[PDB]
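Next up: a single chain in structure tokens, the form deposited in one PDB entry.
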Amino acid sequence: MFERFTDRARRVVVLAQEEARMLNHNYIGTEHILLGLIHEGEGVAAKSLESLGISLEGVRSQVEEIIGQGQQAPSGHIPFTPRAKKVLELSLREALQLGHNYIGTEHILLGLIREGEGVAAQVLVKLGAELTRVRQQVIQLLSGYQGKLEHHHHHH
């Protein structure tokens, strides 16, 4: 389903692998997806968090303090954890239920929160990014930006 991901959403996932590697973690968890979303920092999801009054630097630091750092260098391709797989699954579910036939950073954000149990959802909900509130913010930003913020895969 990655061929339906926007350029920024594909970049979030690519960066999530390097956020795990930089922390010596041989797994890509919900925490590293969120770190990669902050590192991308510019799409619909990032702007949605900012418009709710949430500090992206604060989110990043709180995630860091929880997860610490591993001991050994991960080589090669780092695997998604089962909860990160659920995030990706719920990103597709959230897009389809919004009437969307693509997957953007906004759907990754909604999937992180709808997954609920992982470090990402714990940090985001604490800071006020409750799922309903985030989804309504996302819809407002998609209207405001009129398709001009996040290019869809090979899209006109």
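Only residues modelled in both forms are compared. Don't overthink the numbering: it's just position in the shown sequence, from 1. Under this definition, the rigid core comprises the largest set of C-alpha atoms superposing within 1.5 Å between the forms.
Note that the form deposited in another entry isn't included here; everything after this is about it.
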Worksheet item: Can we say the CA of residue 64 moves by at least 2 Å between this form and the one not shown when the core is superposed?
Response: yes
Worksheet item: After superposition on the rigid core, does the Cα atom of residue 103 shift by at least 2 Å between this form and the one not shown?
Response: no
Worksheet entry | Core-aligned CA displacement of residue 130 at least 2 Å between this form and the one not shown | yes
Worksheet item: Would one find the Cα atoms of residue 57 and residue 74 closer or farther in that other deposited form than in this form, where their distance changes by 3 Å or more?
Response: closer
Discussion item. In that other deposited form, the Cα separation between residue 133 and residue 97 changes by 3 Å or more relative to the shown form; did it shrink or grow?
Written reply: farther
Worksheet entry | Shifted regions of at least three residues between this form and the one not shown, judged by C-alpha displacement of 2 Å or more after core alignment | 48-68, 122-142
